Every structure is written in structure tokens, then in C-alpha cells.
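These protein sequence lines map, in sequence, to chains A, F and I.
27 is the number of the first residue of the first sequence in the deposited numbering; add one for each residue after it.
Take the second sequence: its letters are residues 27 to 299, 335 to 548, numbered as in the deposited numbering.
Take the third sequence: its letters are residues 275 to 299, 335 to 548, numbered as in the deposited numbering.
We put the beta carbon where it would ideally sit given N, CA and C, even for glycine.
Worksheet: one structure, shown below.
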Amino acid sequence: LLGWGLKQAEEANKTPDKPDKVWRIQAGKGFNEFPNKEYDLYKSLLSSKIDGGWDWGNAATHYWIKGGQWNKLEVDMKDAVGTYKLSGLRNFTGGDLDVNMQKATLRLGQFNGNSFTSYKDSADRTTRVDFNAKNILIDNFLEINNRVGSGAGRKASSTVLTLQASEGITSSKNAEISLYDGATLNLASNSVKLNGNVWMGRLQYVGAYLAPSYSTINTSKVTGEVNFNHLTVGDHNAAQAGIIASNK
Amino acid sequence: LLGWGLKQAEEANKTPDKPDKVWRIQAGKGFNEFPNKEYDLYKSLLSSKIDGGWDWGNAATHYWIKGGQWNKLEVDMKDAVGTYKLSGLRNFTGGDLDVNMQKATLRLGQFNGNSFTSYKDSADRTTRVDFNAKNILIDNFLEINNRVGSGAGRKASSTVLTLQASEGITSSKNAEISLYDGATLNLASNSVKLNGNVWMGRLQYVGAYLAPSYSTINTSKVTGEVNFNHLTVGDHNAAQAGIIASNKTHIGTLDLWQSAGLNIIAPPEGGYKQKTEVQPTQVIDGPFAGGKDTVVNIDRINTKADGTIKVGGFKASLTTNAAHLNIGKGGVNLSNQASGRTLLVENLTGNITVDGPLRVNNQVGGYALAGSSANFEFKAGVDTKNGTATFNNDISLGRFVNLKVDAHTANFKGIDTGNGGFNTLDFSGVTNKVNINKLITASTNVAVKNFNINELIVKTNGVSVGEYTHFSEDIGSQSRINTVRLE
Amino acid sequence: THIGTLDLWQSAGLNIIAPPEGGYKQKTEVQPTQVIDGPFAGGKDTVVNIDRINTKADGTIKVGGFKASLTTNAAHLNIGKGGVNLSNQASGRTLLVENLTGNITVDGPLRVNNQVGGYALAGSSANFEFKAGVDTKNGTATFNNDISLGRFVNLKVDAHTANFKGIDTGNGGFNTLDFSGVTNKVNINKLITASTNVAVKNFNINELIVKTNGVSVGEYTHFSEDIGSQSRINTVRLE
Numbered sequence: 027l028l029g030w031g032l033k034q035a036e037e038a039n040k041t042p043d044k045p046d047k048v049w050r051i052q053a054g055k056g057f058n059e060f061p062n063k064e065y066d067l068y069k070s071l072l073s074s075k076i077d078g079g080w081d082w083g084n085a086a087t088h089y090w091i092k093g094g095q096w097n098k099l100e101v102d103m104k105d106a107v108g109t110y111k112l113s114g115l116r117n118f119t120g121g122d123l124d125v126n127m128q129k130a131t132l133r134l135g136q137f138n139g140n141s142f143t144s145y146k147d148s149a150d151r152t153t154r155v156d157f158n159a160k161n162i163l164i165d166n167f168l169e170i171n172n173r174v175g176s177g178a179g180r181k182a183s184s185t186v187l188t189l190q191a192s193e194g195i196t197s198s199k200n201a202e203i204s205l206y207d208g209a210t211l212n213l214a215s216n217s218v219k220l221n222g223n224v225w226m227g228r229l230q231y232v233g234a235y236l237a238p239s240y241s242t243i244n245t246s247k248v249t250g251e252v253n254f255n256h257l258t259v260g261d262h263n264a265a266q267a268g269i270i271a272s273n274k
Numbered sequence: 027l028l029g030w031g032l033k034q035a036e037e038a039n040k041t042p043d044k045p046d047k048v049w050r051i052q053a054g055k056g057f058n059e060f061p062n063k064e065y066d067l068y069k070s071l072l073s074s075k076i077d078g079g080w081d082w083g084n085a086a087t088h089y090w091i092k093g094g095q096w097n098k099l100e101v102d103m104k105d106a107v108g109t110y111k112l113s114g115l116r117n118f119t120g121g122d123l124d125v126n127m128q129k130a131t132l133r134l135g136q137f138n139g140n141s142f143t144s145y146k147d148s149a150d151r152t153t154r155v156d157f158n159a160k161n162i163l164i165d166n167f168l169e170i171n172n173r174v175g176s177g178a179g180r181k182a183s184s185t186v187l188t189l190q191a192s193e194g195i196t197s198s199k200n201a202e203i204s205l206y207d208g209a210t211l212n213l214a215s216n217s218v219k220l221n222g223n224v225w226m227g228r229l230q231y232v233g234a235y236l237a238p239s240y241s242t243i244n245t246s247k248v249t250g251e252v253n254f255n256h257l258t259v260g261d262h263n264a265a266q267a268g269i270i271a272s273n274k275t276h277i278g279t280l281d282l283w284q285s286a287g288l289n290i291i292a293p294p295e296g297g298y299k335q336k337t338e339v340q341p342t343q344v345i346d347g348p349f350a351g352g353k354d355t356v357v358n359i360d361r362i363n364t365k366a367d368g369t370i371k372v373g374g375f376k377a378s379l380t381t382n383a384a385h386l387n388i389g390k391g392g393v394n395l396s397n398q399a400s401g402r403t404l405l406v407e408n409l410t411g412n413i414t415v416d417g418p419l420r421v422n423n424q425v426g427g428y429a430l431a432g433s434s435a436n437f438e439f440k441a442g443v444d445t446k447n448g449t450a451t452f453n454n455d456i457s458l459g460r461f462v463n464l465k466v467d468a469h470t471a472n473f474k475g476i477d478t479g480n481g482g483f484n485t486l487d488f489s490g491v492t493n494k495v496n497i498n499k500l501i502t503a504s505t506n507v508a509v510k511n512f513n514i515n516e517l518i519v520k521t522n523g524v525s526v527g528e529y530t531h532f533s534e535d536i537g538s539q540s541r542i543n544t545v546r547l548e
Numbered sequence: 275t276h277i278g279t280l281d282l283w284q285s286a287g288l289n290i291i292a293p294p295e296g297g298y299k335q336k337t338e339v340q341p342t343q344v345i346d347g348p349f350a351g352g353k354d355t356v357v358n359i360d361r362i363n364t365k366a367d368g369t370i371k372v373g374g375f376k377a378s379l380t381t382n383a384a385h386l387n388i389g390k391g392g393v394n395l396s397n398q399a400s401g402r403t404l405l406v407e408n409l410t411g412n413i414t415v416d417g418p419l420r421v422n423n424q425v426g427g428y429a430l431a432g433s434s435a436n437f438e439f440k441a442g443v444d445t446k447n448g449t450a451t452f453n454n455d456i457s458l459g460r461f462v463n464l465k466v467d468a469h470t471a472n473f474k475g476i477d478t479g480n481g482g483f484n485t486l487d488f489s490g491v492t493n494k495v496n497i498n499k500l501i502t503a504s505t506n507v508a509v510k511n512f513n514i515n516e517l518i519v520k521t522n523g524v525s526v527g528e529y530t531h532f533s534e535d536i537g538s539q540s541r542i543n544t545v546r547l548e
């Protein structure tokens with residue numbers, strides 16, 4: 027009823043949030059001289075200030091930052107050389123990550139998928155999850171603004187994911203990127219080549235066939251060769267997706 | 027579930043507290059000219075502003091500072107000469123002592139032990155108990171972050187003890203230092219020599235076998251000769267202790283548990299060193350490489366193995382990033398329940414020089430049953446991939462015991478497994494060479510990619526078949542044997 | 275009660291109860342008379358024709374077995390031609406075919422892991438167990454089928470007169486063939502043993518086989534209790 031041209035144009039120009047308790051974590055010595063170690067990133071670094079949990083009402087897991095979903099953290103590596111992976115961060119509510127990893131290969135999926143969601147609070151917040159790796163190499167599925175459990179409990183508000191590599195954002199064959207009703211995606215590397223099922227717009231809930239279900243994959247900064255392989259818009263609804271591409 | 031490497035790295039960088047009522051006591055005249063008086067320190071000085079009590083719910087005693095557990099005091103002597111003792115401060119909750127005693131010998135135990143605990147409040151406070159004596163001379167047991175009474179009442183949060191002498195922190199024979207789930211310990215003298223039972227990780231409560239139970243003995247500043255005598259990690263749980271040492275650590279008998287970890291960390295190369338709100342920079346540590354002359358001379362590794370039976374072993378382990386991990390003449394023991402226990406003598410960026418007999422159930426042969434597959438395991442130079450695992454003693458493995466060595470060049474002097482059989486003699490991680498000097502096999506699962514075993518024995522194994530020497534992977538190109546001797 | 279395939283669990287009980295002999299039949338407050346039952350004896354013609362007993366055995370490992378059991382106070386517990394199966398995890402599972410005031414007439418092969426031999430490892434001591442006529446002490450446990458026990462399987466029969474047709478344990482060895490509860494007689498018709506722990510107080514086993522057991526020693530037929538006065542064997546045959 028609104029249209030995507032209003033929705034993206036009003037979500038692109040926003041202040042991020044106003045969070046209290048800006049946590050700051052710096053990866054000190056130990057990381058920055060083993061170029062091939064294949065670290066973990068959740069357990070070895072991020073699980074100090076990301077706490078799991080259980081939501082009374084349709085939980086499988088439940089992740090936030092620290093003492094609620096309204097607390098920013100940041101990670102400032104800038105020299106940590108190696109290769110990192112998330113591998114299982116599911117139903118992350120959280121809010122305002124930015125894992126600043128220059129010269130660090132990421133891998134945002136291994137043996138288990140990932141998810142980045144928010145909650146429809148009275149403040150109507152986003153997530154603004156950011157990354158700044160060198161390659162990214164998605165390699166397993168990622169569900170942006172998914173359903174948390176099944177229908178009930180707290181509903182899911184909008185989100186923003188930003189992947190800002192500098193050598194390429196590739197993907198594997200079985201990496202289902204599926205962003206939903208409120209989700210966006212900003213890319214800024216060169217030569218995005220997503221060789222998997224990109225799924226803009228999905229049934230967020232079990233029977234709501236009449237949802238608006240907008241999305242956005244704003245590949246605006248991509249100075250190289252955009253290359254999707256399997257794009258799929260909409261599922262049992264009137265989805266209105268939009269890709270602000272980079273003229274190739 | 028968190029790991030010790032997160033826990034110590036987040037507890038090492040903290041502001042102490044924000045206490046109201048900073049008491050200040052100065053020891054004036056009277057003390058500072060009797061050099062040999064053998065004072066008391068609690069009764070003659072500290073009991074003016076440390077009040078005892080009773081907690082309704084599992085009390086034996088109850089000590090705090092003044093009007094609650096959130097009040098700092100300090101003692102500023104700086105010239106009081108003599109010898110002082112605590113002798114009976116038990117279940118001290120308190121908070122923020124620092125007994126600044128230059129040129130004053132302490133004695134932190136006489137006829138009665140000591141304890142330093144906190145409470146899990148809504149503020150989640152530490153204790154930060156400090157001392158600044160000249161010698162310390164522990165001489166009776168000290169329980170850091172103990173249980174207050176028995177289970178109920180208020181639970182115990184973290185604590186920090188700091189002992190900062192300048193001539194030596196020794197101990198007596200019956201001084202059981204036993205620090206628990208939240209406790210740390212910082213030492214800064216020269217030549218710590220704890221001749222008693224150091225007990226990192228203990229059952230804090232009566233039945234909670236599933237506690238995390240971390241600890242830390244951060245002997246970082248010790249410019250002399252660290253010397254433990256009897257270190258014991260873990261009790262009926264999965265304790266993950268860690269010792270941030272000062273690149274020379276002779277210890278004595280080490281007694282791990284079934285599932286007890288140990289993170290001995292040598293120093294680096296150059297040594298150490335409505336409204337938004339900005340939390341401070343929480344610098345975290347990764348697994349780094351120790352300096353050049355970092356030596357950890359652990360001389361006996363036992364394991365206390367009883368209890369339940371799990372689907373595997375329990376994988377006792379120690380993790381060292383020093384440039385050497387010498388293990389002396391006591392060798393390696395391994396107690397064995399019905400499932401096969403597992404020992405993981407890991408080394409991140411160093412060597413391993415075991416010079417002792419690999420026992421199991423405290424004998425050299427050590428037969429084990431089929432469900433009890435004992436798993437010795439060595440990891441020499443993991444993250445740098447140029448570490449040797451030299452075993453200068455003639456090892457002897459019995460039945461259902463599974464050595465595995467994942468190193469660069471695993472030198473040996475002799476492997477004798479023909480007595481027991483059914484031995485998984487894995488060498489799959491070996492980069493290039495396994496220079497075994499003597500081999501005795503009956504029914505083995507040897508897997509070497511390149512070697513030169515200059516003596517070989519082909520034994521028989523009774524009358525049964527299906528039991529044989531099985532080089533179950535590729536032998537490569539530079540392989541060699543200088544003597545094969547079938548019997 | 276003719277039933278068909280019975281599938282117990284590791285720790286599943288079963289109380290089949292036959293009827294009795296004549297068949298069935335501020336302020337205080339009086340609760341009604343709560344008449345309770347004890348374990349009584351069934352009538353004369355009480356028959357429970359269970360024809361196959363399996364066991365689904367997977368899951369955790371406990372310090373013993375788990376002792377699957379069924380408890381019957383009928384005057385007969387006929388077990389037909391399906392016999393007895395017993396799945397076995399790492400610990401030795403246990404089957405308790407109890408009878409309070411009756412007989413047991415098993416006419417089938419005592420399998421384990423669904424084969425007749427059924428080798429089991431040292432920690433897996435499979436424990437067959439029979440209790441024929443407990444509270445009246447005059448119940449026979451007749452096994453009219455030639456049983457066959459492999460390795461680390463432990464039959465025990467606590468009855469009045471445990472008749473048989475043949476016991477064959479010389480193939481497996483390490484078998485605790487207990488008969489300690491037997492009142493007077495164990496009338497085995499054929500015996501094959503290698504390394505067994507037979508404990509009979511009075512018997513007449515009219516055929517005996519003394520097997521060897523490889524080259525190891527410490528493995529032998531061991532009548533590990535008193536043989537009494539009325540004992541008898543009508544044929545011993547060493548091999």
C-alpha cells in the first residue's frame with residue numbers, strides 16, 4: 027500500500043540509534059601474526075560480550091548484546107591477520123555490531139547458518155550489523171530479519187546488514203541468502219558473485235499471505251562485476267523488491 | 027562454555043570498585059622500633075575496623091569491613107618493623123583491603139587458616155585484597171573465594187588476591203592454597219616457592235559437578251625462580267585453570283582431573299609492556350607465541366580418574382605456549398576407568414622433550430581392556446609447524462593404548478608395543494620425519510608418511526589372525542628402515 | 275491371554291495379573342475404605358501364552374544393566390516358538406521373566422541380538438533370569454527347547470525343579486550358569502561347557518561334555534558350590 031519507493035527512500039536516510047552502554051573490544055596481541063590459523067570469531071572473541079538466552083515464547087536460541095537489545099558494541103582489530111568464522115549465530119536480535127577487520131578474511135557460515143533479526147519494541151529499532159573484512163566468503167546460509175521461532179512472542183522489526191569487503195564478496199553453492207520484510211543489505215566490495223539462492227521476500231509468518239514484504243539489496247558501491255546466479259523474489263505474497271545496482 | 031581465555035582477559039582489565047567510606051588507618055608510633063616482637067595483626071590493629079558477625083543461613087563466622095561489604099579500608103605503615111600474622115580470618119567477605127607493610131615480615135597463617143570470599147550481590151563486586159610485605163611465609167592454608175558455609179544463603183562472586191613481597195613468597199609443607207571458581211592470585215616478589223598443595227579449582231558447592239570453575243595464578247612480575255611443588259587442578263568438574271608465568275616454571279607433581287585443563291602461558295618476546338556512555342577499551346588476548354628462553358619444567362603428570370562413564374574419554378589436557386616443555390624423569394601416569402582416558406599434552410609454539418616412562422595406572426606396561434582405549438596425545442609446535450617432539454626415554458605401551466604425535470620431527474629412542482597389541486600408533490600430523498630408533502610391534506595401526514626406523518621387529522601374536530602390523534597410510538618416497546628382523 | 279510380539283524397553287516392567295481362584299467378587338471427615346491388593350496367587354487354569362519377547366535396547370550406559378522384567382502370577386506362563394530376544398548395548402542387558410505362583414514353560418531359542426549364538430563382550434554380561442514359583446516354592450521351569458548360550462551370557466534359574474533338554478555354552482565361555490535358587494533338582498539332558506560357572510546343589514545331568522578352550526588357562530568348568538548327596542551324571546565324555 028505504501029510502495030517500495032517510499033520505504034527505501036525513508037530508510038536510507040536515518041540516524042542509526044541512540045544506544046547506551048557502547049561496549050568497545052579491541053583484539054590485542056595474539057591474533058595479528060598467525061596468517062593461516064582459522065580462528066573462531068564468536069567463541070574466541072565475541073562471546074565475551076554477546077550472551078545467549080531463551081525467550082519464553084517460540085525460542086530456539088536467543089542472542090542480544092548485553093542486558094537487552096539496545097546496547098552497541100564494536101570490535102576494532104585493524105591488523106588481525108588470519109581467517110575468521112561465525113558458524114552458528116542464530117536468531118541474533120542484538121543491535122549495532124561493527125566488526126572492523128582490515129586484512130582479515132571472513133567466513134560467515136560453516137556447518138550452521140546465521141541470522142540477524144530485531145524486535146518490534148516501542149522504540150522501533152534497527153540492527154545496523156556491519157562488517158569490514160577483506161574477503162567475506164559467505165559459504166552457508168544467512169537469514170536477514172527472519173522469524174525468531176514460530177509466530178508468537180515478539181514480532182520482528184527492520185534491520186540493516188552491511189558487508190564492506192575490499193577484495194570480493196563471493197558465496198558457495200548452497201548459501202541461501204534470504205532477506206525478509208524489513209531487511210536491507212549494503213555491499214561495498216568489488217565483484218560480488220553470489221552463486222546461491224538469493225531470496226528477496228519470504229513468508230515471514232505461517233499464514234500471512236497478505237504481508238507487504240519489501241526488501242533491498244543496495245549494491246551501490248560495487249566497483250567491479252556484480253554477478254548473481256539465482257534470484258528469487260516473493261513467496262505467496264505481493265513482494266516488491268528493489269536492487270539499487272552499480273550499472274552492470 | 028566461555029573458556030578461560032575470555033574470563034581472565036576480561037577480569038584483568040577492570041576498575042576496582044566504587045566504595046563509599048574509604049577508611050584510613052595509619053600505624054603510628056609503638057610499632058616501628060621492635061624488630062622481633064611477633065605482633066598480631068588482626069587483634070592488635072585490624073580488629074578496630076573489621077567487625078565479625080553471623081549470617082542467618084550457613085554461617086561459621088562472618089567478616090566484613092564496616093557497615094556492609096562495600097567499604098574500603100587501607101593500612102599505611104611503611105616503616106613498621108617486626109613480624110605480623112593473621113591467624114584465623116575465616117570467611118572474610120569484606121572488600122578492598124591493602125595492608126601496605128614495607129620492611130615487615132608477614133605470616134599469613136598460624137594455628138588456623140584464612141579465607142577471602144565475596145558475595146554475589148546486585149553490583150557483582152570483587153574483593154581486591156592486597157598486601158605489600160617483605161617476606162610473606164604463608165605457613166598455613168588459605169582458601170581464596172571459598173564456600174562460606176554449606177550451599178545456601180548468599181552465593182560467592184569473584185575475588186582478587188595480590189601478594190606483593192620483595193624478598194620471597196615461600197610456604198610451609200601443610201599450607202593448602204585452594205583457590206576456586208572466581209579466584210585469582212597475583213604475585214610480584216622474587217622466587218616464589220610454594221612447597222604445599224596448590225589446588226586450582228575445587229567443588230565450590232556440595233553437588234554441582236557441572237560448574238565451570240576457572241582460576242588464575244598470575245605470577246607475572248616474578249623476577250626470580252618460580253617453584254611449585256604440588257599442583258592439583260580440578261576436582262569432579264571440568265576445571266580450566268591458567269598460570270601466566272614468568273618464563274621459568276619448575277613445578278613438581280601435577281595432578282590433573284579427568285576433564286581438567288591447564289593454560290600455562292609464557293610471556294611474549296619483549297615481555298609485557335537516554336544517554337550514551339563509553340565503556341573503556343577491553344583489550345583482549347589471543348594465543349600468542351612465547352619468548353625464546355621460556356621453559357616449563359613440569360616433572361610429573363598424574364591423573365585422578367574415577368567417577369561416571371561417558372561415551373568417550375574425558376580428555377585431560379594442558380596447554381603451553383612456551384618455547385620448551387621439558388618433562389623430566391617422573392614421566393607420565395594416567396589412571397583409567399572403564400572408558401579410555403585421554404591425555405592431551407599440547408604445545409602451541411614450542412617443543413616437547415619428554416624424558417620419562419609413559420605409564421598408565423602407574424605401571425610401565427599397563428594393559429587396558431577394549432572399551433578402555435587410553436589415548437596419549439602430543440602436539441608439538443602447532444601454530445608454527447616446526448616443533449619437534451623428542452622422547453629421549455624408551456617408551457613402552459601395552460594393550461589398547463593409543464599414542465598420537467602431531468609434530469614436525471618426532472624423534473624417539475624406542476617404541477615397544479608388541480607386548481599388548483591393538484595399539485593405534487598414530488603419526489598422521491607429522492610434517493616430515495619420525496626418527497624411531499627401535500620398534501617392537503604385534504598388532505599395531507602405525508600410520509607414518511615418512512620415516513627412517515633403523516631397527517624393526519616383526520612379532521607374532523599367538524594363534525589368532527586379523528592382528529598384524531598395518532602401515533595404514535602412504536609411506537611416500539624418502540622412507541627407510543635400516544634393519545628388519547622377523548621372529 | 276494369548277498375545278503376540280511383546281517388545282519391552284530396557285527398564286520396562288509388566289504386571290500381568292490373573293484373577294484369583296473364585297474370580298473377583335474444624336471437623337473430622339471419614340474417607341472411604343481404600344481396599345488395597347497384595348501379590349496373590351492366580352486360579353488353577355490361568356494361562357498367559359506370550360509367544361515372543363523382544364527388547365529395544367539403545368541409549369545411555371549405566372553402572373549395571375537396566376533389568377527389563379515382566380511379572381506374572383498365573384499358574385502357567387507358556388512362551389511359544391518365537392523364543393526370547395535381547396538387544397545388547399555396551400553394558401549387559403538383563404531380562405527378568407518372573408513368575409510368582411506358577412510355572413514357566415519356555416519352548417523357544419534364547420537369542421541375543423537376534424541370533425542363537427550371540428557373542429557378547431566382557432562389559433556386556435547379558436543376564437537371562439527366570440523365577441518359577443517364587444512365593445509357593447513348588448514351580449518348575451521347564452525349557453523344552455535346546456538352548457544355546459554364547460559368550461558372556463548369564464542364565465540363572467531360581468525354581469523348584471528346573472527341567473531342561475540341553476544347554477550348550479562351550480562355544481562362548483565365561484558364562485555364569487547359576488542355579489542357586491533351585492530347591493532340589495536340575496534335570497539337564499545334555500551339557501556343553503568350556504569355561505562356565507555352574508552352581509547346582511543337586512542334579513542328574515545324564516550327558517556331559519568336557520571341552521577345551523584354546524591354549525589359555527584359568528578357564529574351566531567350575532562347580533563353584535556344594536554338589537550334595539543325590540547328585541548323578543550318567544555320561545561324562547572328555548574331548
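Straight-line Cα distance separating I:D416 from I:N454: The sequence position of residue 454 of chain I within the third sequence is 145, counting from 1. The sequence position of residue 416 of chain I within the third sequence is 107, counting from 1. One C-alpha to the other measures close to 5 Å.
C-beta neighbour in chain D for A:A130, strict 8 Å: The structure shown contains no chain D; the protein chains it does contain are A, F and I.
Where the alpha helix (DSSP H) containing F:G31 begins and where it ends: Here residue 31 of chain F refers to the residue found at position 5 of the second sequence. 30-37 is the span of the alpha helix (DSSP H), which, as asked, contains F:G31.
Cutoff 6 Å; reference F:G296; Cβ partners in own chain excluding five residues on either side: Within the second sequence, the letter at position 270 stands for residue 296 of chain F. Closer than 6 Å at the Cβ level, and outside the excluded window around F:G296, lies no residue.
Cβ-heavy atom distance, A:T87 to the ligand FAD, below 7 Å: You won't find the ligand FAD in this model; it holds no ligand whatsoever.
Minimum C-alpha distance to A:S184 - residue among A:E169, A:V259, A:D66, A:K111: As a position in the first sequence, residue 184 of chain A is number 158, starting the count at 1. Among A:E169, A:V259, A:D66, A:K111, the Cα nearest to that of A:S184 is on A:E169.
Three-state class that DSSP yields for A:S141 in the structure shown: Along the first sequence, one-based indexing puts residue 141 of chain A at 115. In the structure shown, A:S141 sits in a strand (DSSP, three-state: E or B).
Residues from the region 40-53 of chain A in contact with chain F, defined by Cβ distance under 8 Å: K44, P45, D46, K47, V48, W49, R50, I51, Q52, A53
8 Å Cβ cutoff met for I:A435 and I:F473: Taking the first residue of the third sequence as 1, we reach residue 435 of chain I at position 126. Taking the first residue of the third sequence as 1, we reach residue 473 of chain I at position 164. Contact check for I:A435 against I:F473 fails: the beta carbons are separated by 8 Å or more.
Alpha-carbon to alpha-carbon, A:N126 and A:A214: Locating residue 214 of chain A in the first sequence gives position 188, where the first residue counts as 1. Locating residue 126 of chain A in the first sequence gives position 100, where the first residue counts as 1. Distance between the alpha carbons of A:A214 and A:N126 is about 14 Å.
Minimum C-alpha distance to F:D124 - residue among F:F157, F:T153, F:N511: The residue you call residue 124 of chain F lines up with position 98 of the second sequence. Nearest option by C-alpha distance: F:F157.
Members of the region 430-458 of chain F near chain I, C-beta cut-off 9 Å: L430, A431, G432
Segments assigned beta strand (DSSP E), at least 3 residues, entirely inside the region 356-432 of chain F: 356-358, 361-364, 377-381, 403-408, 413-415
Which residues DSSP lists as bridging F:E438, in chain order: In the second sequence, the residue the question calls residue 438 of chain F occupies position 377. Answer by DSSP bridge pairing, in chain order: F:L405, F:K465.
Between the CA atoms of F:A431 and I:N397 - distance to the nearest angstrom: Along the third sequence, read from residue 1 onward, the residue named residue 397 of chain I stands at position 88. Along the second sequence, read from residue 1 onward, the residue named residue 431 of chain F stands at position 370. When rounded, the distance between both Cα atoms is 17 Å.
Contact check, A:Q95 vs A:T119, beta carbons under 8 Å: Counted from its first residue, the first sequence places residue 95 of chain A at position 69. Counted from its first residue, the first sequence places residue 119 of chain A at position 93. A contact, by the Cβ cut-off of 8 Å.
Close-in-space but distant-in-sequence residues of the same chain around F:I277 (CB under 6 Å, 5 per side omitted): As a position in the second sequence, residue 277 of chain F is number 251, starting the count at 1. Counting only Cβ-Cβ distances below 6 Å, and skipping sequence neighbours, we find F254, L257, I359.
F:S74 (DSSP reduced to helix, strand or coil): On the second sequence, position 48 is the one that residue 74 of chain F refers to. Note: F:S74 maps to helix in three-state DSSP.
Nearest-angstrom Cα separation, counted from A:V248 out to F:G442: Position 381 of the second sequence, counted from the first residue, corresponds to residue 442 of chain F. Position 222 of the first sequence, counted from the first residue, corresponds to residue 248 of chain A. Cα to Cα, the separation comes out at about 42 Å.
Beta-carbon neighbours of F:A399, restricted to chain I and to distances below 8 Å: One-based indexing of the second sequence puts residue 399 of chain F at position 338. Neighbours of F:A399 across chain I, judged by C-beta separation under 8 Å: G432.
C-beta contact flag for I:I476 and I:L500 at 8 Å: Locating residue 476 of chain I in the third sequence gives position 167, where the first residue counts as 1. Locating residue 500 of chain I in the third sequence gives position 191, where the first residue counts as 1. Going by C-beta atoms, I:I476 is nearer than 8 Å to I:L500.
Short CB-CB distance (under 8 Å) between F:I370 and chain I: Translated into positions along the second sequence, residue 370 of chain F becomes position 309. Taking Cβ atoms only, chain I reaches closer than 8 Å to F:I370, which makes this a yes.
Check whether A:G93 and A:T87 have beta carbons under 8 Å apart: Residue numbering aside, residue 93 of chain A sits at position 67 when the first sequence is read from its first letter. Residue numbering aside, residue 87 of chain A sits at position 61 when the first sequence is read from its first letter. No, the Cβ-Cβ distance between A:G93 and A:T87 is not below 8 Å.
Other residues of its chain near F:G260: CB distance less than 6 Å, five sequence neighbours each side excluded: What you label residue 260 of chain F is simply residue 234 of the second sequence in a count that begins at 1. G227, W283, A286, listed in sequence order.
Pair within 8 Å by beta-carbon distance, F:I370 and F:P418: Looking up residue 370 of chain F in the second sequence gives position 309. Looking up residue 418 of chain F in the second sequence gives position 357. No, these two residues do not count as a Cβ contact at 8 Å.
Beta bridge counterpart(s) of A:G194 as assigned by DSSP: In the first sequence, residue 194 of chain A corresponds to position 168, counting from 1. Per DSSP, A:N161.
Chain-ordered chain A contacts of F:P348 [CB-CB under 7 Å]: By one-based count along the second sequence, residue 348 of chain F stands at place 287. Within 7 Å Cβ-Cβ: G56.
Neighbourhood of A:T188 by C-beta, 6 Å cutoff - its chain only, sequence neighbours within 5 removed: Your numbering for residue 188 of chain A matches position 162 in the first sequence. So the qualifying residues of the chain are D156, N212.
Collapsed DSSP secondary structure at A:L67 in the structure displayed: Within the first sequence, numbered from 1, the residue matching residue 67 of chain A stands at position 41. Coil.
Neighbouring residues, chain A, relative to F:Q34 (Cβ below 7 Å): In the second sequence, residue 34 of chain F corresponds to position 8, counting from 1. In chain order: nothing, as chain A lies at least about 11 Å away.
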